[PDB]
Amino acid sequence: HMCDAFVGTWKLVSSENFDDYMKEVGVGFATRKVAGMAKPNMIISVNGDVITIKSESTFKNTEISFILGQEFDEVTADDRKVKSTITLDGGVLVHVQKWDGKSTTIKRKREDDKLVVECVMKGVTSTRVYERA
Ligand SMILES: COc1cccc(CCCC2=C(O)[C@@H](CCc3ccccc3)OC2=O)c1
């Protein structure tokens, strides 16, 4: 029952500062423009120890399955090939991505009826708010 409150089908409703986060990560102009339009649906499920997050949109579909604390290979929506480790810290999913000698952290939190995704690269944060679909 570890991630119960995350499970479901979620739709992006709002974003703040996402262009600057993508700049900080190194995303090029064309991908920033088309990625910034997308309103993905994120489908989170759990089966035993395995968590799956599937995202579907216009622009790109992505899918990760993982065990908490166990590093895995990920392909991001901007097409980075990263090494990722996801843990639970005080009821927040904490996701670190390493690639090309860089690092970024994505936190996923339940806040009221919303799922809040906070993305940090060095000094720059972006907040992406999802609602139940
Ligand atoms: C640095 O450039 C980026 C460009 C696009 C997305 C991200 C990740 C943002 C954080 C994040 C979500 O909102 C979900 C869903 C991501 C998603 C967006 C669009 C289409 C399919 C899936 O998964 C997460 O990793 C970074």
# chains A, B, ... in the order shown; residues from 1 in each chain; ligands from 1

call {"tool": "residues_near_ligand", "arguments": {"ligand": "ligand 1", "cutoff": "7 Å", "atoms": "only C-alpha atoms and all ligand atoms", "output": "NGL selection string"}}
result
:A and (21-22 or 25 or 27 or 32 or 35 or 38-40 or 42 or 55-57 or 59-62 or 76-78 or 106 or 117 or 119 or 128)

call {"tool": "residues_around", "arguments": {"residues": "residue 7 of chain A", "least_positions_apart": "4", "cutoff": "7 Å", "atoms": "only C-alpha atoms", "output": "compact mmCIF listing (two decimals) with N, CA and C atoms, in the first residue's frame"}}
result
# COMPACT_ATOMS: atom_id res chain seq x y z
N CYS A 3 2.41 3.34 -2.25
CA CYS A 3 2.17 4.47 -3.08
C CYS A 3 0.70 4.63 -3.39
N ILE A 44 -0.39 6.00 -13.18
CA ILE A 44 0.47 5.42 -12.16
C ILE A 44 -0.19 4.15 -11.61
N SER A 45 0.54 3.05 -11.55
CA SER A 45 0.03 1.83 -11.01
C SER A 45 1.11 1.11 -10.23

call {"tool": "closest_residue", "arguments": {"among": "A:2, A:75, A:94, A:129", "to": "residue 48 of chain A", "atoms": "only C-alpha atoms"}}
result
A:2

call {"tool": "residues_around", "arguments": {"residues": "residue 97 of chain A", "least_positions_apart": "6", "cutoff": "10 Å", "atoms": "only C-alpha atoms", "output": "list in words"}}
result
residues 71, 72, 73, 74, 76, 80, 81, 82, 83, 84, 85, 86, 103, 104, 105 and 106 of chain A

call {"tool": "closest_residue", "arguments": {"among": "A:70, A:43, A:99, A:79", "to": "residue 11 of chain A", "atoms": "only C-alpha atoms"}}
result
A:43

call {"tool": "select_by_dssp", "arguments": {"residues": "chain A", "states": "strand (DSSP E)", "output": "ChimeraX atom specification"}}
result
/A:8-16,41-47,50-56,62-66,72-75,81-89,92-99,102-111,114-121,124-132

call {"tool": "atom_distance", "arguments": {"atom1": "atom CA of residue 101 of chain A", "atom2": "atom CA of residue 116 of chain A"}}
result
27.0 Å

call {"tool": "select_by_dssp", "arguments": {"residues": "chain A", "states": "helix (DSSP H, G or I)", "output": "list in words"}}
result
residues 4, 5, 6, 18, 19, 20, 21, 22, 23, 24, 25, 29, 30, 31, 32, 33, 34, 35, 36 and 37 of chain A

call {"tool": "write_last_selection", "arguments": {"atoms": "N, CA, C and O atoms", "output": "compact mmCIF listing (two decimals), in the first residue's frame"}}
result
# COMPACT_ATOMS: atom_id res chain seq x y z
N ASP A 4 -0.20 4.15 -2.55
CA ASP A 4 -1.62 4.12 -2.85
C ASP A 4 -2.12 5.38 -3.37
O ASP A 4 -2.93 5.38 -4.33
N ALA A 5 -1.74 6.47 -2.68
CA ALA A 5 -2.30 7.78 -3.00
C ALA A 5 -1.85 8.35 -4.34
O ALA A 5 -2.49 9.28 -4.80
N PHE A 6 -0.80 7.80 -4.92
CA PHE A 6 -0.35 8.21 -6.26
C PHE A 6 -1.07 7.48 -7.39
O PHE A 6 -1.03 7.92 -8.53
N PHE A 18 8.59 26.15 -16.65
CA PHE A 18 9.07 24.93 -17.30
C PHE A 18 10.03 25.22 -18.41
O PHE A 18 10.99 24.45 -18.58
N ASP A 19 9.85 26.33 -19.16
CA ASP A 19 10.85 26.67 -20.16
C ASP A 19 12.23 26.86 -19.55
O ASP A 19 13.19 26.31 -20.10
N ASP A 20 12.36 27.61 -18.45
CA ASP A 20 13.67 27.79 -17.83
C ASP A 20 14.25 26.52 -17.26
O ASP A 20 15.44 26.31 -17.35
N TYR A 21 13.42 25.63 -16.72
CA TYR A 21 13.93 24.32 -16.29
C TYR A 21 14.49 23.58 -17.47
O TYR A 21 15.60 23.00 -17.40
N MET A 22 13.74 23.50 -18.58
CA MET A 22 14.23 22.80 -19.76
C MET A 22 15.55 23.43 -20.28
O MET A 22 16.45 22.71 -20.69
N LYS A 23 15.63 24.79 -20.26
CA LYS A 23 16.90 25.45 -20.67
C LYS A 23 18.05 24.96 -19.82
O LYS A 23 19.16 24.65 -20.33
N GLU A 24 17.83 24.88 -18.52
CA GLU A 24 18.88 24.57 -17.53
C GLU A 24 19.32 23.08 -17.82
O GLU A 24 20.52 22.74 -17.74
N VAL A 25 18.38 22.19 -18.19
CA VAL A 25 18.66 20.82 -18.44
C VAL A 25 19.45 20.65 -19.77
O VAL A 25 20.24 19.70 -19.91
N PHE A 29 15.80 24.56 -28.65
CA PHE A 29 14.67 25.43 -28.85
C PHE A 29 13.44 24.62 -29.30
O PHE A 29 12.33 24.81 -28.77
N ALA A 30 13.53 23.83 -30.37
CA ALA A 30 12.33 23.21 -31.01
C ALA A 30 11.69 22.27 -30.00
O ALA A 30 10.42 22.29 -29.85
N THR A 31 12.46 21.45 -29.32
CA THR A 31 11.87 20.50 -28.37
C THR A 31 11.24 21.33 -27.20
O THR A 31 10.18 20.92 -26.70
N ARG A 32 11.86 22.43 -26.73
CA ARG A 32 11.24 23.17 -25.66
C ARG A 32 9.85 23.67 -26.10
O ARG A 32 8.90 23.66 -25.30
N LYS A 33 9.73 24.17 -27.32
CA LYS A 33 8.45 24.72 -27.76
C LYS A 33 7.36 23.63 -27.80
O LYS A 33 6.23 23.86 -27.32
N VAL A 34 7.64 22.47 -28.42
CA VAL A 34 6.65 21.42 -28.55
C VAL A 34 6.42 20.70 -27.27
O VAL A 34 5.25 20.41 -26.92
N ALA A 35 7.43 20.48 -26.44
CA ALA A 35 7.22 19.87 -25.12
C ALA A 35 6.45 20.78 -24.19
O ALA A 35 5.65 20.30 -23.35
N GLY A 36 6.66 22.06 -24.30
CA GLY A 36 5.94 22.95 -23.42
C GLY A 36 4.44 23.05 -23.70
O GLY A 36 3.67 23.37 -22.79
N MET A 37 3.99 22.71 -24.91
CA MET A 37 2.55 22.64 -25.26
C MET A 37 1.89 21.41 -24.67
O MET A 37 0.65 21.44 -24.41
